[PDB]
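One file, model21.cif, is given below (mmCIF, C-alpha atoms).
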data_work
loop_
_atom_site.label_atom_id
_atom_site.label_comp_id
_atom_site.auth_asym_id
_atom_site.auth_seq_id
_atom_site.Cartn_x
_atom_site.Cartn_y
_atom_site.Cartn_z
CA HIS A 807 42.45 -11.83 -0.31
CA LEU A 808 40.47 -9.65 2.09
CA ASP A 809 36.71 -9.13 2.26
CA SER A 810 34.29 -8.03 4.98
CA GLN A 811 34.68 -11.41 6.78
CA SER A 812 38.48 -11.45 7.33
CA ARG A 813 39.72 -10.64 10.82
CA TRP A 814 42.64 -8.34 11.67
CA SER A 815 43.62 -10.88 14.37
CA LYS A 816 44.36 -13.25 11.44
CA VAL A 817 45.77 -10.87 8.77
CA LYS A 818 48.18 -9.20 11.25
CA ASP A 819 50.26 -12.38 11.65
CA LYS A 820 50.67 -12.47 7.84
CA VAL A 821 51.89 -8.95 7.09
CA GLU A 822 53.68 -7.93 10.31
CA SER A 823 57.14 -8.27 8.68
CA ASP A 824 56.58 -5.91 5.73
CA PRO A 825 58.34 -2.50 5.79
CA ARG A 826 54.93 -1.00 4.86
CA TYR A 827 53.30 -2.45 8.02
CA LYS A 828 56.07 -1.27 10.37
CA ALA A 829 56.03 2.08 8.53
CA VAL A 830 52.81 2.89 10.45
CA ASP A 831 54.10 3.87 13.91
CA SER A 832 50.95 2.61 15.73
CA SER A 833 48.85 -0.53 16.24
CA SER A 834 45.52 1.24 16.87
CA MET A 835 45.90 2.87 13.42
CA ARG A 836 47.14 -0.16 11.45
CA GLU A 837 43.84 -1.68 12.62
CA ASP A 838 41.71 1.33 11.58
CA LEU A 839 43.32 1.37 8.12
CA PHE A 840 42.56 -2.34 7.91
CA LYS A 841 38.95 -1.71 8.98
CA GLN A 842 38.57 0.99 6.32
CA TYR A 843 40.04 -1.28 3.60
CA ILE A 844 37.47 -3.97 4.66
CA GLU A 845 34.72 -1.79 3.71
CA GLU A 856 24.89 -8.35 -11.14
CA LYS A 857 21.71 -10.42 -11.04
CA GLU A 858 21.42 -10.27 -7.25
CA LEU A 859 22.04 -6.52 -7.34
CA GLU A 860 19.33 -6.32 -10.01
CA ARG A 861 16.90 -8.13 -7.69
CA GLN A 862 17.86 -5.81 -4.84
CA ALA A 863 17.14 -2.79 -7.05
CA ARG A 864 13.88 -4.54 -7.92
CA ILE A 865 12.91 -4.73 -4.25
CA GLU A 866 13.94 -1.10 -3.76
CA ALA A 867 11.88 0.20 -6.69
CA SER A 868 8.94 -1.95 -5.59
CA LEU A 869 9.10 -0.51 -2.07
CA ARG A 870 9.34 3.02 -3.47
CA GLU A 871 6.30 2.53 -5.71
CA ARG A 872 4.42 0.94 -2.79
CA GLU A 873 5.16 3.91 -0.53
CA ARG A 874 4.07 6.35 -3.25
CA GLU A 875 0.84 4.42 -3.83
CA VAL A 876 0.16 4.24 -0.09
CA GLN A 877 0.61 8.01 0.16
CA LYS A 878 -1.72 8.57 -2.80
CA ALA A 879 -4.34 6.27 -1.28
CA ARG A 880 -4.07 8.06 2.07
CA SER A 881 -4.56 11.37 0.26
CA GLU A 882 -7.62 10.02 -1.57
CA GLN A 883 -9.07 8.65 1.68
CA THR A 884 -8.49 12.04 3.31
CA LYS A 885 -10.26 13.70 0.37
CA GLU A 886 -13.24 11.35 0.78
CA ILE A 887 -13.37 11.86 4.56
CA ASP A 888 -13.24 15.63 3.97
CA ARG A 889 -16.01 15.50 1.37
CA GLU A 890 -18.03 13.62 3.99
CA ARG A 891 -17.29 15.65 7.13
CA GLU A 892 -17.08 19.07 5.46
CA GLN A 893 -20.37 18.36 3.64
CA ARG A 896 -21.69 12.44 4.73
CA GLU A 897 -22.97 15.23 2.45
CA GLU A 898 -26.16 13.19 2.08
CA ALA A 899 -26.61 13.28 5.86
CA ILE A 900 -26.38 17.08 6.08
CA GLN A 901 -28.65 17.46 3.05
CA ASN A 902 -31.16 15.10 4.66
CA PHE A 903 -30.98 17.04 7.93
CA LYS A 904 -31.70 20.31 6.10
CA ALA A 905 -34.47 18.59 4.15
CA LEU A 906 -36.10 17.23 7.31
CA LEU A 907 -35.87 20.69 8.89
CA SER A 908 -37.55 22.11 5.77
CA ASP A 909 -40.31 19.49 5.52
CA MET A 910 -41.19 18.51 9.09
CA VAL A 911 -40.47 22.07 10.33
CA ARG A 912 -41.97 25.28 8.92
CA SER A 913 -42.44 27.61 11.93
CA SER A 914 -39.29 29.18 13.37
CA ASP A 915 -41.00 29.57 16.77
CA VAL A 916 -40.53 25.89 17.69
CA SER A 917 -37.39 24.77 19.52
CA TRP A 918 -34.69 22.30 18.51
CA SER A 919 -35.44 19.94 21.41
CA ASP A 920 -39.20 19.95 20.83
CA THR A 921 -38.63 19.61 17.08
CA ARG A 922 -36.33 16.63 17.70
CA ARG A 923 -38.84 15.03 20.08
CA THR A 924 -41.50 15.41 17.38
CA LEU A 925 -39.33 14.26 14.46
CA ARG A 926 -37.99 11.20 16.31
CA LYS A 927 -41.30 9.51 15.45
CA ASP A 928 -40.50 9.98 11.74
CA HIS A 929 -38.57 7.52 9.58
CA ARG A 930 -36.51 10.26 7.89
CA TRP A 931 -34.67 11.09 11.13
CA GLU A 932 -32.90 7.72 10.92
CA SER A 933 -31.32 8.90 7.66
CA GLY A 934 -29.35 11.45 9.72
CA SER A 935 -27.65 8.82 11.86
CA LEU A 936 -24.15 9.61 10.55
CA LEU A 937 -24.21 13.14 12.03
CA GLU A 938 -23.81 14.03 15.69
CA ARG A 939 -26.53 15.57 17.84
CA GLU A 940 -24.58 18.84 18.10
CA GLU A 941 -24.35 19.32 14.34
CA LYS A 942 -28.00 18.29 13.97
CA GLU A 943 -29.13 20.85 16.55
CA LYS A 944 -26.96 23.48 14.86
CA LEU A 945 -28.48 22.73 11.45
CA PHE A 946 -31.98 22.86 12.96
CA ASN A 947 -31.16 26.24 14.53
CA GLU A 948 -29.82 27.54 11.21
CA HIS A 949 -32.97 26.36 9.43
CA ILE A 950 -35.22 27.95 12.06
CA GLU A 951 -33.26 31.20 11.74
CA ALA A 952 -33.58 31.14 7.94
CA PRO B 335 -8.09 4.53 -25.01
CA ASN B 336 -6.19 5.55 -21.89
CA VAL B 337 -2.67 4.34 -22.76
CA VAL B 338 -1.60 2.57 -19.58
CA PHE B 339 2.15 1.92 -19.45
CA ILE B 340 4.33 0.69 -16.58
CA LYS B 341 7.25 3.13 -16.87
CA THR B 342 10.08 1.37 -15.05
CA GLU B 343 12.90 3.16 -13.22
CA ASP B 344 16.13 1.36 -14.22
CA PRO B 345 17.11 -1.72 -16.34
CA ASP B 346 17.64 -3.97 -13.31
CA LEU B 347 14.14 -5.46 -13.48
CA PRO B 348 13.11 -8.15 -15.97
CA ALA B 349 10.91 -7.15 -18.87
CA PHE B 350 7.77 -8.88 -17.54
CA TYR B 351 7.81 -7.92 -13.86
CA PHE B 352 4.62 -7.23 -11.91
CA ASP B 353 5.19 -3.66 -10.78
CA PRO B 354 3.41 -2.98 -7.45
CA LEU B 355 1.41 -0.18 -9.06
CA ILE B 356 -1.80 -1.64 -10.46
CA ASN B 357 -3.79 -3.54 -7.84
CA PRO B 358 -4.07 -6.98 -6.26
CA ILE B 359 -4.51 -9.56 -9.00
CA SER B 360 -7.92 -10.91 -7.96
CA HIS B 361 -8.02 -11.56 -4.18
CA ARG B 362 -9.93 -14.68 -5.20
CA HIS B 363 -11.23 -17.06 -2.52
CA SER B 364 -14.33 -18.65 -4.11
CA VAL B 365 -12.33 -20.98 -6.37
CA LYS B 366 -11.79 -24.37 -4.73
CA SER B 367 -10.24 -27.35 -6.56
CA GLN B 368 -8.26 -29.01 -3.78
CA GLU B 369 -9.40 -32.45 -4.98
CA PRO B 370 -8.21 -33.86 -8.33
CA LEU B 371 -10.37 -33.59 -11.43
CA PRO B 372 -12.34 -36.58 -12.75
CA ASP B 373 -10.99 -36.65 -16.32
CA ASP B 374 -7.62 -38.10 -15.29
CA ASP B 375 -8.10 -41.62 -16.67
CA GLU B 376 -9.05 -39.80 -19.88
CA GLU B 377 -6.18 -37.32 -19.57
CA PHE B 378 -4.00 -40.38 -18.94
CA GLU B 379 -5.31 -41.64 -22.30
CA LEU B 380 -4.38 -38.25 -23.88
CA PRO B 381 -0.59 -38.11 -24.33
CA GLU B 382 1.24 -35.24 -26.04
CA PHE B 383 3.76 -37.06 -28.22
CA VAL B 384 5.28 -34.02 -29.93
CA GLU B 385 7.75 -31.36 -28.89
CA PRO B 386 6.65 -28.46 -26.65
CA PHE B 387 5.65 -24.94 -27.65
CA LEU B 388 8.73 -22.70 -27.30
CA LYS B 389 11.17 -24.56 -25.04
CA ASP B 390 14.05 -23.40 -27.28
#

Conversion result in structure tokens:
Amino acid sequence: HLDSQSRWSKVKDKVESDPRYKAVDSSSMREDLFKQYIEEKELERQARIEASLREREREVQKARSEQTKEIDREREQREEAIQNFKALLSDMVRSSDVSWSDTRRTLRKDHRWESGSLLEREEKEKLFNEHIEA
Amino acid sequence: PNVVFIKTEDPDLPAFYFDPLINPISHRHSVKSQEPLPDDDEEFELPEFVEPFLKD
């Protein structure tokens, strides 16, 4: 009656007389053969845990993809911030002869500039330059 | 009527198993009933001397 527990140290002294034990010309190999030989509701619960982990991984991947889509819709467009930057450049700025630094120093006194807090100064200056060029 | 159905994988699960697919149940923290309710002397005067619903 062998399972994964049973030790070869213990089984050996029980079968060492058989002609089928001696028939293996080596001790290293009688032990390997022994090691190989040694290896519903609970299995259902284990499959439950496995399917739950699989569904959880799939849902985590889908949520990461959706978060990436949202972050891309923000950074590639945060679309409201870029639209507000263009709108401030259209409203508070009308002459293309003014500079981006002077325009920023003038528009900093306005309350609409705070709406463009989510964007960096580099992107803001670039949008102001694009608006002045247009 | 979006027909939502929890399509299981294999018949190792029970029938009514919460598949980790939908959402957290409520994430409720505002409910607080750590102390016992007051209508216990009245509930103590309200026995249920008949057999249960579907024990069999």

Q. Using the chain letters and numbers from the file, which residues does the PyMOL selection byres ((chain A and resi 811-827) around 12) grab, as JSON, numbers by chain?
A. {"A": [807, 808, 809, 810, 828, 829, 830, 831, 832, 833, 834, 835, 836, 837, 838, 839, 840, 841, 842, 843, 844, 845]}

Those residues with C-alpha atoms, as a short mmCIF file (atom, residue, chain, number, x, y, z; two decimals), keeping the file's coordinate frame please?
data_model
loop_
_atom_site.label_atom_id
_atom_site.label_comp_id
_atom_site.auth_asym_id
_atom_site.auth_seq_id
_atom_site.Cartn_x
_atom_site.Cartn_y
_atom_site.Cartn_z
CA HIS A 807 42.45 -11.83 -0.31
CA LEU A 808 40.47 -9.65 2.09
CA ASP A 809 36.71 -9.13 2.26
CA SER A 810 34.29 -8.03 4.98
CA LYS A 828 56.07 -1.27 10.37
CA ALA A 829 56.03 2.08 8.53
CA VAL A 830 52.81 2.89 10.45
CA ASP A 831 54.10 3.87 13.91
CA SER A 832 50.95 2.61 15.73
CA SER A 833 48.85 -0.53 16.24
CA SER A 834 45.52 1.24 16.87
CA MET A 835 45.90 2.87 13.42
CA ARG A 836 47.14 -0.16 11.45
CA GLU A 837 43.84 -1.68 12.62
CA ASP A 838 41.71 1.33 11.58
CA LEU A 839 43.32 1.37 8.12
CA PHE A 840 42.56 -2.34 7.91
CA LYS A 841 38.95 -1.71 8.98
CA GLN A 842 38.57 0.99 6.32
CA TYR A 843 40.04 -1.28 3.60
CA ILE A 844 37.47 -3.97 4.66
CA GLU A 845 34.72 -1.79 3.71
#

Q. Would you list which chain A residues are within 6 Å of chain B using only C-alpha atoms, as a PyMOL selection string?
A. chain A and resi 860+864+868

Convert the output of the PyMOL selection byres ((chain A and resi 943) around 12) on the shown file into explicit residues, formatted as a PDB file with C-alpha atoms, in the coordinates of the input.
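Result file is expr.pdb:
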ATOM      1  CA  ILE A 900     -26.380  17.080   6.080  1.00  0.00           C
ATOM      2  CA  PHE A 903     -30.980  17.040   7.930  1.00  0.00           C
ATOM      3  CA  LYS A 904     -31.700  20.310   6.100  1.00  0.00           C
ATOM      4  CA  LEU A 907     -35.870  20.690   8.890  1.00  0.00           C
ATOM      5  CA  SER A 917     -37.390  24.770  19.520  1.00  0.00           C
ATOM      6  CA  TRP A 918     -34.690  22.300  18.510  1.00  0.00           C
ATOM      7  CA  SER A 919     -35.440  19.940  21.410  1.00  0.00           C
ATOM      8  CA  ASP A 920     -39.200  19.950  20.830  1.00  0.00           C
ATOM      9  CA  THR A 921     -38.630  19.610  17.080  1.00  0.00           C
ATOM     10  CA  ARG A 922     -36.330  16.630  17.700  1.00  0.00           C
ATOM     11  CA  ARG A 923     -38.840  15.030  20.080  1.00  0.00           C
ATOM     12  CA  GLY A 934     -29.350  11.450   9.720  1.00  0.00           C
ATOM     13  CA  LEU A 937     -24.210  13.140  12.030  1.00  0.00           C
ATOM     14  CA  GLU A 938     -23.810  14.030  15.690  1.00  0.00           C
ATOM     15  CA  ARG A 939     -26.530  15.570  17.840  1.00  0.00           C
ATOM     16  CA  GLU A 940     -24.580  18.840  18.100  1.00  0.00           C
ATOM     17  CA  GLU A 941     -24.350  19.320  14.340  1.00  0.00           C
ATOM     18  CA  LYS A 942     -28.000  18.290  13.970  1.00  0.00           C
ATOM     19  CA  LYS A 944     -26.960  23.480  14.860  1.00  0.00           C
ATOM     20  CA  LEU A 945     -28.480  22.730  11.450  1.00  0.00           C
ATOM     21  CA  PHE A 946     -31.980  22.860  12.960  1.00  0.00           C
ATOM     22  CA  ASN A 947     -31.160  26.240  14.530  1.00  0.00           C
ATOM     23  CA  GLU A 948     -29.820  27.540  11.210  1.00  0.00           C
ATOM     24  CA  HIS A 949     -32.970  26.360   9.430  1.00  0.00           C
ATOM     25  CA  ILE A 950     -35.220  27.950  12.060  1.00  0.00           C
TER      26      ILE A 950
END

Q) Suppose you want the space between atom CA of residue 380 of chain B and atom CA of residue 364 of chain B; what is it in Å? A)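 It comes out at 29.6 Å.
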
Q. Expressed in Å to a single decimal, how great is the separation between atom CA of residue 358 of chain B and atom CA of residue 371 of chain B?
A.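 Between these atoms lies a distance of 27.8 Å.
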
Would you give the centre and edge lengths, in Å to one decimal, of a box along x, y and z around the listed atoms of segment 348-362 of chain B, with 6 Å added to each side, as JSON?
{"center_x": 1.6, "center_y": -7.4, "center_z": -11.5, "size_x": 35.0, "size_y": 26.5, "size_z": 26.7}

Q. Quick one: distance from atom CA of residue 930 of chain A to atom CA of residue 905 of chain A in Å, one decimal?
A.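 Computing the Euclidean distance for atom CA of residue 930 of chain A and atom CA of residue 905 of chain A yields 9.4 Å.
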
Q.
Considering only C-alpha atoms, can you say which of A:878, A:933, A:856, A:871 comes closest to residue 897 of chain A?
A.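 The closest residue to residue 897 of chain A is A:933.
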